[PDB]
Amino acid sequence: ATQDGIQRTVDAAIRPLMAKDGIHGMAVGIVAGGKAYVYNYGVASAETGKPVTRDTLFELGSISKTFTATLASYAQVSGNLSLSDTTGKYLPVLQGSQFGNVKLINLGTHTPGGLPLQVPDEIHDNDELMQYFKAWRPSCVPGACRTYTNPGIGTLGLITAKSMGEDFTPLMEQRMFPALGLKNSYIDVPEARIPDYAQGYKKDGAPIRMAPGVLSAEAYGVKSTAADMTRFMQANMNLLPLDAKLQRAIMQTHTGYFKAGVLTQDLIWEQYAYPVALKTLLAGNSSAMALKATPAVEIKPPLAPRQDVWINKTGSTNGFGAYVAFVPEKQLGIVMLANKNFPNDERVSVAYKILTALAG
């Protein structure tokens, strides 16, 4: 009945969106009054007609970075590292180099002083990456310049791993996902679950799934279900009784570090004063914020986590589109998972339309 009233709102945004953009399959997770509801639409694969189900895996894209941010936060709370530390401390290869003096906080907030969006094609392993970093020079002010980057948060992943004497993928698959209670969440999809892996579709309609690469696990590599992400949102609103340290780690990813345009940059999470206007969300989640070196102002001291915000992250691959938005003070959230990289403007609009109707 509560579920039926929410379904009617969610259907009324999603059916038309999928018809308009020719999205084959979507899984939408809602959190309302702290409860998880999951609504599935269309087909995992157009070729076979396998429907989207509870167990269907979508590529999270850059939403993976929130898991990386969570793991770094955990290592901080455990005293494995400080975010004030330099990359040099953990990758001595880089001690003496300019990049070796970039602080971890700058890697988790896209403020390292200029880094490319994508790991450049010439870098094929962590050793060629380390070399590139030795050569690296800052092209804007660290802690005053926001350049959205995979290698940045990626390298925070690698440094987090080292701090905890363990490789990244296993840290995530064997400690983090189980500690968060996520049983359908994978960097490496097991053979047994490959039937669950939804088919991605390019803009033209050709089938595709993501390619692994340098720092991909740390940057864009996670697959998950709406149910799993719905539980991630509940965790990110302090609603699940977990061990104190993991609970503190998760909420401290919400600390506000830099003001950049209309956006507050947390540890990967980007947040807005609630209530929030559509036009604010659209400007904060513009391609310009994603592609361009934007002025960033350090918040002194860092802004404590707060309930009264709209916290979001976008995520894309060649074949998939994903969007997480939640509002801690309302126990309210949406994750949209699509097997098409459909425009971010529409993701933000539809999320805005749905969470606004549910707020009252």
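Numbers follow the displayed sequence, beginning with 1.
Query raised in the report: Between 157-165 and 275-283, which has the higher average C-alpha B-factor in the PDB entry?
Result: The stretch with the larger mean CA B-factor is 157-165.
Query - Which of 215-223 and 121-129 has higher mean CA B factor, as the PDB entry lists it - result: Mean B over CA atoms: larger for 121-129.
Query raised in the report: Per the PDB entry, which option out of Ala244, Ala72, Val262, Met237 has the greatest Cα B factor?
Result: Comparing C-alpha B-factors across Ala244, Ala72, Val262, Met237, the top value belongs to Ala244.
Query - Candidate set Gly79, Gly256, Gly113, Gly108 [ranked by C-alpha B-factor, highest] - result: Of the candidates given, the C-alpha B-factor peaks at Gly79.
Query raised in the report: Where does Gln331 sit by CA temperature factor within its chain: lowest, middle or highest third?
Result: Bottom third by C-alpha B-factor.
Query - Third of the chain, ranked by Cα B-factor, where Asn339 sits - result: As the PDB entry reports it, the C-alpha B-factor of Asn339 lands in the lowest third of its chain.
**Report entry** Third of the chain's Cα B-factor distribution that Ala19 belongs to, per the entry
**Finding:** Tercile = highest for this residue's CA B-factor.
Report task. Grab the CA temperature factor for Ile194 from the record and place it in the lowest, middle or highest third of its chain. Result -> Its C-alpha B-factor belongs to the highest third of this chain's values.
**Report entry** Modelled-residue ranking by C-alpha temperature factor, third containing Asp55
**Finding:** For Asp55, the deposited C-alpha B-factor lands in the highest third.
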